[PDB]
Amino acid sequence: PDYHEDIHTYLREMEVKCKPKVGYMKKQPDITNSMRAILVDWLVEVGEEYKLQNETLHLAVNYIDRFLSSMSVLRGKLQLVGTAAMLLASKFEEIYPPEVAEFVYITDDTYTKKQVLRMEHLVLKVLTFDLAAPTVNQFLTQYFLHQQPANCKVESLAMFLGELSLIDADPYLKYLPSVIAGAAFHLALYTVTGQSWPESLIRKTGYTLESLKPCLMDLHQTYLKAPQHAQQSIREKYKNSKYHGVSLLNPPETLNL
Amino acid sequence: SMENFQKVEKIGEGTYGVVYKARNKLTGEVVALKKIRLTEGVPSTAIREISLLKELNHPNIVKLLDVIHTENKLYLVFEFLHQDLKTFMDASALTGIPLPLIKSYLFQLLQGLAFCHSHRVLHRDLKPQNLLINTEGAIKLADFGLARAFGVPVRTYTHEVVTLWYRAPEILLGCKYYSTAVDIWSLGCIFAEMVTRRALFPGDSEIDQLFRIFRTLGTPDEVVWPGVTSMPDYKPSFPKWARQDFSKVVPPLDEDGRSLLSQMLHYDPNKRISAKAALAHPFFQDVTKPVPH
Ligand SMILES: Cc1ccc(Cl)c(N(CC#N)c2cc(Nc3ccc(OC[C@H](O)CN(C)C)cc3)ncn2)c1
Ligand SMILES: [Mg+2]
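Here the protein sequences come in this chain order: B and W. Heads up: the first sequence begins at 19 in our numbering, then just goes up one per residue. Heads up: the second sequence begins at 11 in our numbering, then just goes up one per residue.
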């Protein structure tokens, strides 16, 4: 607890400032939620192939949603936007980012290196170099410190749920990272241990089950329908022993809220 | 874009890129301009520096004023401070620095650094060359090219971190997690150095560095630093030196000064004093803001 609380407080303020605009997709003349779902799911694959941090994936997705909040993009250029965003998030967050050729290569030469680098400067310009956005992952990690005791299945499952919410702009563009992380932590905790969102996290965050319910009802249906969703790279990723096989766990039939 | 700046003179060379003193021809304002020739796109050091300085508005953190961003070059426009602490310390050879200035400087650095740690930023390169001073008596943290945004709790970040002389023993012993404590350590070494005007642990290598720290503070065991003997780069053949009487470490220092430096140079990162908690130390009970010479 040196600065854990100054930091939570700051991340709460910055998450409001860093928020994508909830309705941007209707204003997009050419792309859909489904297309964004495809692009996120590819980004998950890419993070797996290059062994990138979960944080780096959450960051890039933030960069994309905020970029698409002010910038109209044709469907054949969406992958370019997502490539630059993942390259930028790697530079921000990784000890060893992949090099720019590695990013060109995985588009399957859809784009040149010049295009990827020109897109990078453009994304920087639109985001005004504001790259230290709060993420669901950053909130979860603080919430984990409130477990009694720590439970790796609970952590990996909360990460798995928080990650699935990246895929589906409807409904998750409408929730803040701290709230999604709230739902995710509780739903993880309940599925594995039977326990609920602790009182100590009510004290810390001011959120209760009641305030979490709307996000939580959505997240529950995502978890239930996960095996049938068109996008499946988070499910496969989280079958790995690194995340304790949690995508293999059974969702609870009801939450008793 | 650079149409309104007139170059005055080159300052030197940063973590990356080249720094000139310039003035705004319309406002009169004096600036430091870091030029970045733009490969692999925008350097990760420049991306981190810009995002993190834009978040950090504090009297004791250098102001990034603007980013001028062309397909060719990227310029960072900083407010200009008259010198760094290193040049000041060299100039104070024969005077030495008055206690009231040392105290005021440390108080200020601990203010800049607390603000950084509150805003989840590690500086990771505190040294006198990165600490800038004006004529009114302010000192400010600069060069956020090695800085990073951290999580709670920390993950493993870059090992290859901190100019060697200012580098914390948890970095040198290869701990998989370091945190805010590595910047307190560096400020310990600099507090010591403002008082003696030489570096406290001028090692030439990682092992030379550790041994110097050990001869001053004692080789740490499991009583002083639970977990040391399990750290990756701990070796049980380490010579075991006695801890020195702390009044010997920096002899001009009074009791409260020693107490403070001792808490900053605590081995165990977890027991090392925070920048926040150090602001309230009795050392600072009479603190003022004198101008320097
Ligand atoms: C390059 C260099 C190194 C470290 C830094 Cl933080 C900076 N930056 C950019 C940032 N952030 C400055 C410098 C400055 N003023 C100054 C700094 C040193 C200095 O040193 C004088 C001597 O010439 C040093 N020497 C003997 C080698 C003179 C003026 N004011 C504002 N920003 C530039
Ligand atoms: Mg549309």
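Even for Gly, the Cβ is constructed at its ideal location relative to N, Cα and C.
Measuring alpha carbon to alpha carbon, tell me which residue in the options is nearest residue i.
{"i": "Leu-77 of chain B", "options": "B:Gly-212, B:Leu-106, B:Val-134", "result": "B:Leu-106"}
{"i": "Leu-184 of chain B", "options": "B:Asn-155, B:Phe-147, B:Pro-216", "result": "B:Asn-155"}
{"i": "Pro-116 of chain B", "options": "W:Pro-108, W:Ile-112, W:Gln-93, W:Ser-54", "result": "W:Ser-54"}
{"i": "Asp-24 of chain B", "options": "W:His-169, W:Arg-130, W:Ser-11, W:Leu-174", "result": "W:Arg-130"}
{"i": "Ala-56 of chain W", "options": "B:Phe-147, B:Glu-67, B:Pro-189, B:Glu-217", "result": "B:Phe-147"}
{"i": "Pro-269 of chain B", "options": "B:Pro-19, B:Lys-109, B:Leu-237, B:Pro-195", "result": "B:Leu-237"}
{"i": "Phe-157 of chain B", "options": "B:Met-177, B:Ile-49, B:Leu-140", "result": "B:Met-177"}
{"i": "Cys-199 of chain W", "options": "W:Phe-256, W:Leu-136, W:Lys-258", "result": "W:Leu-136"}
{"i": "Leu-289 of chain W", "options": "W:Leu-156, W:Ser-114, W:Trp-195", "result": "W:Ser-114"}
{"i": "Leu-135 of chain B", "options": "W:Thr-49, W:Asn-67, W:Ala-287, W:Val-87", "result": "W:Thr-49"}
{"i": "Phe-85 of chain B", "options": "B:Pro-47, B:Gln-133, B:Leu-145, B:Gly-263", "result": "B:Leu-145"}
{"i": "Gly-267 of chain W", "options": "W:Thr-239, W:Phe-117, W:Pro-300, W:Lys-20", "result": "W:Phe-117"}
{"i": "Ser-61 of chain W", "options": "W:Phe-154, W:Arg-225, W:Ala-101, W:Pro-242", "result": "W:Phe-154"}
{"i": "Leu-242 of chain B", "options": "B:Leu-267, B:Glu-254, B:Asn-258", "result": "B:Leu-267"}
{"i": "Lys-96 of chain W", "options": "W:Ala-159, W:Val-205, W:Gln-254", "result": "W:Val-205"}
{"i": "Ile-223 of chain W", "options": "W:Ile-21, W:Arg-134, W:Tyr-277, W:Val-87", "result": "W:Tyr-277"}
{"i": "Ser-108 of chain B", "options": "B:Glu-138, B:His-164, B:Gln-133, B:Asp-126", "result": "B:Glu-138"}
{"i": "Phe-256 of chain W", "options": "W:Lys-245, W:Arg-282, W:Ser-272", "result": "W:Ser-272"}
{"i": "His-133 of chain W", "options": "W:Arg-158, W:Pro-110, W:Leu-109, W:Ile-149", "result": "W:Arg-158"}
{"i": "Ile-46 of chain W", "options": "W:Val-29, W:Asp-243, W:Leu-183", "result": "W:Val-29"}
{"i": "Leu-84 of chain W", "options": "W:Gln-295, W:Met-12, W:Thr-168, W:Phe-160", "result": "W:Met-12"}
{"i": "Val-122 of chain B", "options": "B:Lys-132, B:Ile-220, B:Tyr-114", "result": "B:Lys-132"}
{"i": "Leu-140 of chain B", "options": "B:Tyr-81, B:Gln-166, B:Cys-36, B:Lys-260", "result": "B:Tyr-81"}
{"i": "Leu-86 of chain W", "options": "W:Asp-94, W:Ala-148, W:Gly-27, W:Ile-149", "result": "W:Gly-27"}
{"i": "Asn-169 of chain B", "options": "B:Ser-196, B:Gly-180, B:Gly-212, B:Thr-128", "result": "B:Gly-212"}
{"i": "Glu-265 of chain W", "options": "W:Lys-250, W:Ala-287, W:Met-274, W:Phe-293", "result": "W:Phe-293"}
With a threshold of 8 Å on Cβ separation, who are the neighbours of residue i within its own chain once the five nearest residues in sequence on each side are excluded?
{"i": "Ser-52 of chain B", "result": "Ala-248"}
{"i": "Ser-214 of chain B", "result": "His-204, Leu-207, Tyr-208, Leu-227"}
{"i": "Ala-187 of chain B", "result": "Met-43, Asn-51, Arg-54, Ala-55, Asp-83"}
{"i": "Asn-280 of chain W", "result": "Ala-191"}
{"i": "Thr-145 of chain W", "result": "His-92, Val-301, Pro-302"}
{"i": "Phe-88 of chain W", "result": "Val-41, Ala-42, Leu-43, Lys-44, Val-72, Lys-73, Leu-74, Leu-75, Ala-152"}
{"i": "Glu-19 of chain W", "result": "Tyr-30, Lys-31"}
{"i": "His-169 of chain W", "result": "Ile-181, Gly-184"}
Which two residues bound the contiguous alpha helix (DSSP H) that contains residue i?
{"i": "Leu-95 of chain W", "result": "95-101"}
{"i": "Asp-188 of chain B", "result": "187-190"}
{"i": "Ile-112 of chain W", "result": "109-128"}
{"i": "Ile-181 of chain W", "result": "179-182"}
{"i": "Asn-51 of chain B", "result": "51-67"}
{"i": "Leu-179 of chain B", "result": "170-182"}
{"i": "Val-118 of chain B", "result": "118-124"}
{"i": "residue 279 of chain B", "result": "Within the shown structure, residues of chain B are numbered from 19 to 275, placing residue 279 of chain B beyond reach of any answer."}
Can you tell me where the beta strand (DSSP E) with residue i in it begins and where it stops?
{"i": "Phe-88 of chain W", "result": "83-89"}
{"i": "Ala-150 of chain B", "result": "From DSSP, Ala-150 of chain B is part of no beta strand (DSSP E); its letter is neither H nor E."}
{"i": "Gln-16 of chain W", "result": "15-23"}
{"i": "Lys-150 of chain W", "result": "149-151"}
Here's a check: name, in chain order, each residue in its chain whose Cβ is nearer than 7 Å to the Cβ of residue i, leaving out the five neighbours to either side.
{"i": "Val-62 of chain B", "result": "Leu-75, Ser-251, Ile-252, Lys-255"}
{"i": "residue 320 of chain W", "result": "Given that chain W is displayed from residue 11 to residue 303, the structure contains no residue 320 of chain W and the question cannot be resolved."}
{"i": "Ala-252 of chain W", "result": "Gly-228"}
{"i": "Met-241 of chain W", "result": "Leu-183, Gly-184, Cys-185"}
{"i": "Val-297 of chain W", "result": "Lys-113, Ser-114, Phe-117"}
{"i": "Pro-19 of chain B", "result": "none"}
Tell me which residues share the same chain as residue i and place their Cβ nearer than 6 Å to its Cβ, disregarding the 5 neighbours each side in the sequence.
{"i": "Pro-230 of chain W", "result": "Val-238, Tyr-277"}
{"i": "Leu-149 of chain B", "result": "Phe-110"}
{"i": "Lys-186 of chain W", "result": "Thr-166"}
{"i": "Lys-39 of chain B", "result": "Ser-87"}
Against chain B: residues of the segment 122-133 of chain W by CB proximity under 7 Å
Contact residues of the segment 122-133 of chain W toward chain B are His-127, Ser-128, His-129, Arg-130 (C-beta to C-beta distance below 7 Å).
Check distances from the C-beta atoms of the segment 185-202 of chain W to those of chain B and list, in chain order, the residues that come in under 7 Å.
For chain B, the residues of the segment 185-202 of chain W that bring a beta carbon within less than 7 Å of one of its beta carbons are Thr-190, in chain order.
Got a sec: which bits of the segment 66-84 of chain W sit with their beta carbon under 8 Å from any beta carbon on chain B, in order along the chain?
Listed by position along the chain: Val-77, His-79, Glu-81.
Does the contact criterion of 3 or more C-beta pairs under 8 Å hold for the segment 120-135 of chain W versus the segment 188-196 of chain W?
Taking 8 Å as the limit for Cβ pairs, the verdict is that the segment 188-196 of chain W does touch the segment 120-135 of chain W.
Is the segment 242-252 of chain B touching the segment 216-225 of chain B, taking contact as three or more C-beta pairs under 8 Å?
Counting C-beta pairs closer than 8 Å gives fewer than three between the segment 242-252 of chain B and the segment 216-225 of chain B, which falls short of the contact rule.
Counting only Cβ-Cβ distances shorter than 9 Å, please list the residues of the segment 157-190 of chain B near chain W, keeping chain order.
Hits within the stretch, in order: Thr-159, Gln-160, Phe-162, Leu-163.
For the segment 162-174 of chain B against the segment 84-99 of chain B, do three or more pairs of beta-carbon atoms, one drawn from each stretch, fall closer than 8 Å, so that the two count as touching?
They do not touch, by the three-pair rule.
Can you give me, in chain order, the residues of the segment 53-66 of chain W that have a beta carbon less than 7 Å from any beta carbon in chain B?
Close to chain B, meaning a Cβ-Cβ distance shorter than 7 Å, are the following residues of the segment 53-66 of chain W: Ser-54, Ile-57, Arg-58, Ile-60, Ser-61, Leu-62, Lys-64, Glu-65.
Is it true that the segment 31-38 of chain W meets the segment 63-74 of chain W, where meeting means three or more beta-carbon pairs spaced less than 8 Å apart?
No contact exists between the segment 31-38 of chain W and the segment 63-74 of chain W.
Check each residue of the segment 111-138 of chain B: if its Cβ is closer than 7 Å to any Cβ of chain W, include it; give the result in chain order.
Correct list: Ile-113, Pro-115, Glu-117, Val-118, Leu-135, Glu-138.
Say whether the segment 226-238 of chain W touches the segment 166-176 of chain W, bearing in mind that this needs 3 or more beta-carbon pairs closer than 8 Å, one atom from each stretch.
Result no; under three Cβ-Cβ pairs closer than 8 Å.
Give a yes or no on contact between the segment 25-44 of chain B and the segment 64-74 of chain B, applying the rule of three or more CB pairs nearer than 8 Å.
For the pair of segments examined, the segment 25-44 of chain B was found not to touch the segment 64-74 of chain B: the number of CB pairs separated by less than 8 Å stays below three.
The segment 252-281 of chain W: positions lying closer than 7 Å to chain B by Cβ:
Against chain B - using a Cβ distance shorter than 7 Å - the segment 252-281 of chain W contributes no residues.
The segment 141-169 of chain W: which residues have C-beta closer than 9 Å to a C-beta of chain B, in chain order?
Legend: CB atoms of the segment 141-169 of chain W lying less than 9 Å from CB atoms of chain B belong to residues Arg-158, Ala-159, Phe-160, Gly-161, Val-162, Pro-163, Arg-165, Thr-166, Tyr-167, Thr-168, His-169.
Contact set between the segment 198-226 of chain B and chain W, restricted to residues whose Cβ is under 7 Å from the partner:
Listed by position along the chain: nothing, the set is empty.
Which residues of the segment 20-52 of chain B have a Cβ closer than 7 Å to any Cβ of chain W? Give them in chain order.
Across the segment 20-52 of chain B, CB contacts with chain W closer than 7 Å involve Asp-20, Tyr-21, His-22, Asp-24, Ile-25, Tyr-28, in sequence order along the chain.
Using a beta-carbon distance cut-off of less than 7 Å, what residues from the segment 15-41 of chain W approach chain B?
So the list is empty, because no residue satisfies the distance condition.
Taking Cβ-Cβ distances below 9 Å as the criterion, which residues of the segment 54-75 of chain B are in contact with chain W?
Listed in sequence order: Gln-71, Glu-73.
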